[PDB]
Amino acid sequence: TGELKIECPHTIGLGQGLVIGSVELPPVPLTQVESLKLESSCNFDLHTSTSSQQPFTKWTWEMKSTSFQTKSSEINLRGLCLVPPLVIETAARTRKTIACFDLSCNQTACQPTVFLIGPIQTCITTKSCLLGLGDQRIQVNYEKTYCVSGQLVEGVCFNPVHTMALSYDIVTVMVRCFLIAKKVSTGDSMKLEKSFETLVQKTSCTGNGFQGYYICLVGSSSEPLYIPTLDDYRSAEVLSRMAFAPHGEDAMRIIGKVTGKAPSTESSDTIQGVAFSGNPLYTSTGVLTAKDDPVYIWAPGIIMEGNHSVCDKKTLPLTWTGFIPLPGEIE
């Protein structure tokens, strides 16, 4: 039994906050990954979006005798954290709970990371409940916070700044973000990879057309944070940490550079990365930055290219976990 801890605040407050928790489970063989279904015995209202079938290009490597053979094909996965637009943003109002997983994989095995997001009211209704994923049971524990006004962060009770203007103590908090595909008809407002390129590039990249955004939750509970929100200091912070740690923040053995075709029907290579063996470390899921219409990739045993300074064959991860410093008061 794994443990997914939810830190519950003393009050609901302004209504629009969500709780979030997550746990990384033990390795399962690859052949079992396509069968994985999240089950819930919990007394909450599961959003059905994530358990539908979702098309991915599977990209894999084998030793050959540069010394690699890669290949790819299109498959359907279910239960992954591909959250539709507005679902997280309006979950406090709809009273919907999002439960989904990401995959961190080597060639032969995957560690699912289960994410649970939902309304703060769940803390009134629920002390503990169970999720299942394949053969693993997950104990969700809702636990009331030691603090009076904030959250337990690095063993310290902390409340961040709230005002919209400019004016403190500084505490480093966890941020968890989910990639959302969202197109507009006209212009470049949703061209997410262009935002990264302005932050970390010298010269002009021609074709990074992916349209979407990240939706993030800060700490154990917060209102959703949209990335990018141009004049928000927290958005700026998350983007900068993403730009320097594109596979998130926290033995794996690097073998070499690999390329491949995504989707597999492409005549030439559209993706690159670094093949590895040993313990999976980063998530193995992302989207090509080059296509407006998302091309989703699952690349077990390969760290797909996420360096924003590169122009071609790069990706954005489906989920991203890191840390940002927040100004506020320790109490």
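When you see a residue number, it is the position in the sequence shown, counting from 1.
Where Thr186 is followed by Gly187 in the displayed chain, the model omits none of the deposited residues that would sit between the two. According to the entry, the deposited sequence places 4 to 9 unmodelled residues between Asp250 and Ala251. If you average the C-alpha B-factors over 169-177 and over 131-139, the higher value belongs to 131-139. Of the two segments, 30-38 and 281-289, the one listed with the higher mean B-factor is 30-38 (C-alpha atoms only). The PDB entry gives the largest Cα B-factor of the residues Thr126, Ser72, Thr108, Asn159 to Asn159. Looking at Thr60, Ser67, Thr270, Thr57, the one whose CA carries the top B-factor in the deposited record is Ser67. Per the deposited record, the Cα B-factor of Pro246 falls in the lowest third when ranked against the other modelled residues of its chain. In the PDB entry, a CA B factor belonging to the middle third of its chain's modelled residues is recorded for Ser309.
In the PDB entry, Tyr146 places in the highest third of its chain by CA B-factor.
Residue-level temperature factors show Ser240 in the lowest third of its chain, judged at the C-alpha atom. Among the modelled residues of the chain, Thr113 sits in the lowest third by CA temperature factor in this PDB entry.
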